[PDB]
C-alpha cells in the first residue's frame, strides 16, 4: 500500500520538511529538481542544496521506514518546453539520464520522478518514450555496478489514459510504463476551476466524464496493472467568486477566481469554515464545498478523502498521493487516508 506525499521546496519558509508527519506516509517526494537547459545536467535549484540534502534524513527521523524520491520538472510551460527540447536530442537525453541518477544518489533519495505535463502531441510522446526507456536501463545498470538497491522510477500522468479524452492526439503506452516504472501518479484533480463560469467539483470521484473514476477506468481498460496506479488527491481547493450570494451549490454562476488566485490550501479552507463558511458534502460527486458571502471553494474533506481512499482499495490500486503536504498543516487528510487503508 503506497501512501504518498509531495513536499514543494517553495514552501520551505513556512513549512520546512521537519513539519511533515512522515508517520502517515510510505513515500515522500521532494518537488522539484530543475531540468537545467541547455546542458540538462539536472540539479536542485542553486541555493537549495542544503534543503535537498537534509530532506531525507529529516523526514526519516519520525518514521525511519519512509522512503523518498526527487521529482524532476513540475507543472507550467517552461518545464514542458524544456522536456520537449530535451527529448528530441539524443545527447541531451544521455546527459539528463546520467545526471538524474547522480542527483538521487548525491542527496540520498531512493528514487526519481518525472513531472512532465504533458507528453503530447504524438511526437512528444514518442520522444518521451526514448527518454524513459534510456532512464529505466540506466537505473538498472547503476543498481548492478554500485551494488545499491535500485532507484525507484515514477512519473506524473494526466487523470486519463488518453491525451486528451475529447480529442485524442496520443495516449500513455501502459505496457511500456508498467515495465519501466514502479508506479504512476495519477493527477485526478483540477477538473474544474475559476477558468469556468460555474462552480464545480474540482476533483470529483464520479458524476460528466471529467472525473477521477473515469480516468482510472481508462488506464485499467488500456491494460495498466492496477497496482501501478496511485490515485492523486488534492490538499487544496479551487475557488470562485459567486455571481449571486443566494446561489451557493454546485453549478452556481461565477464571476471569476476566489482567493488565492483561484486556489486555497486545505488549512486555509479550515480557517474559512471556522470563520463562518458553511461546509457541504456533495454525495453526487464525492467532494466537499464551502461558501461564505461571495466566496465558494470546492475541495476534499475528511469524508471525501476516506471515500476516495476506499475507492482506490476496491479498485485494487497501488495507493494514493497528496499534492501537497504543506497545504494540510495539521495532517488531517493524510491521517484519515492512512487510517482508511489500514
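Residue numbers count along the first chain shown, from 1.
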(message) How big is the unmodelled gap, if any, between residue 207 and residue 208 relative to the deposited sequence? Choose none, 1 to 3, 4 to 9, or 10 or more.
(response) 1 to 3
(request) Using the B-factors recorded in the PDB entry, average over the C-alpha atoms of 20-28 and of 6-14, then report which stretch comes out higher. (result) 6-14
(request) For the higher mean C-alpha B factor in the entry, choose 239-247 or 89-97. (result) 239-247
(request) Check the PDB entry and point out which of 145, 175, 267, 136 has the largest C-alpha temperature factor. (result) 145
(message) Comparing recorded Cα B-factors across 121, 108, 202, 234, which one is largest?
(response) 121
(message) Considering every modelled residue of the chain and its Cα B-factor in the PDB entry, is residue 228 in the lowest, middle or highest third?
(response) middle
(message) Using only modelled residues of the chain, where does the Cα B factor of residue 275 rank: lowest third, middle third or highest third?
(response) middle
(message) Please place residue 219 in the lowest, middle or highest third of its chain according to the CA B-factor in the PDB entry.
(response) middle
(request) Grab the CA temperature factor for residue 37 from the record and place it in the lowest, middle or highest third of its chain. (result) highest
(message) Can you tell me whether residue 62 has a C-alpha B-factor in the lowest, middle or highest third compared with the other modelled residues of the same chain?
(response) middle
